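To begin, one chain is listed below as structure tokens, in the form deposited in one PDB entry.
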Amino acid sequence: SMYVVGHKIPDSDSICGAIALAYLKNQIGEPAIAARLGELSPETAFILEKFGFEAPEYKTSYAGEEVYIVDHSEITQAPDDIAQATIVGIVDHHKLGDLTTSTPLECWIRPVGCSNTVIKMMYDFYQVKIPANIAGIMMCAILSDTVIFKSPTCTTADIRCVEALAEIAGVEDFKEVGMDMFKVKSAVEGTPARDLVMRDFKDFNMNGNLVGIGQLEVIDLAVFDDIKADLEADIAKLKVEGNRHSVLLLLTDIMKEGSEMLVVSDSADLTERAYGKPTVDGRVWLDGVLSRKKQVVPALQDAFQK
């Protein structure tokens, strides 16, 4: 069988996409097993529970196996031993990264806000009906990725596809299911600082400099008030533990549609150079900022070249 698998530190898109593409492949006689490279966030765990699904199989070694990649095309986000596997498919909505194959494959890549939007196109192409349970987690993955359409990564294709999936899943109020997800993401009390920093954390090599960026998306930025000092202490620790130039944590308020960024950097004027807004006691408010890959990373990469 093939293993359908998303990126290291799986998000809803990577997990819901794996289940959604595995089902499709099994229905068209191309045997497939959903898999993951890490634990589910409470967000993803809630989505699976609500629509009645088991987590994909936890699997880290793929040497000698067939692999269908979801929601990236990067070596670093792939399984450690991806070079010893055979990539038979990629479905994604990112820039084309450094993954390569020695064998013919499928690529379904589109400039949209969510892999699950593309996977919906795959069902239509194959003329396989989307079961109500699958439609719902597919829906939720797109609301997760596009932040209920508020993220500037949201495209026309994502909106029309959610509207389509909502009817198939018999969800009347897709926006209420979206807010239900971000409420679960907003329940941060009692969670160790490190679990929160690493929930959605990525390392970047920006012109020789190692820059780590976490992000939490919540309904109200006030939930972080009592734990914020523990966060600032833990991003200092983590900067040392990895010998990082910079560790930044995005606290993203999806109602104000902005991000408070906690900063520890070897560069004192980092946020002044990249965004034209300086940090004040290792903190800066970034109005309108929702997306790491669109509004945060480009401007940092530009400042490490300059």
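Counting begins at 1, following the sequence as shown. Take the two forms, find the largest set of C-alpha atoms that superpose within 1.5 Å, and that set is the rigid core.
There is also a form deposited in another entry; it is not shown, and the following applies to it.
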Fill in: Option from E39, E49, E57, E272 moving between this form and the one not shown, CA shift at or above 2 Å, rigid core reference
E272
Discussion item. Does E241 move appreciably between this form and the one not shown, meaning a CA displacement of 2 Å or more on the superposed rigid core?
Written reply: yes
Worksheet item: Would you say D173 moves its Cα by 2 Å or more between this form and the one not shown, aligning on the core?
Response: no
Worksheet item: Does the distance between the two CA positions of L210 reach 2 Å or more between this form and the one not shown, the core being superposed?
Response: yes
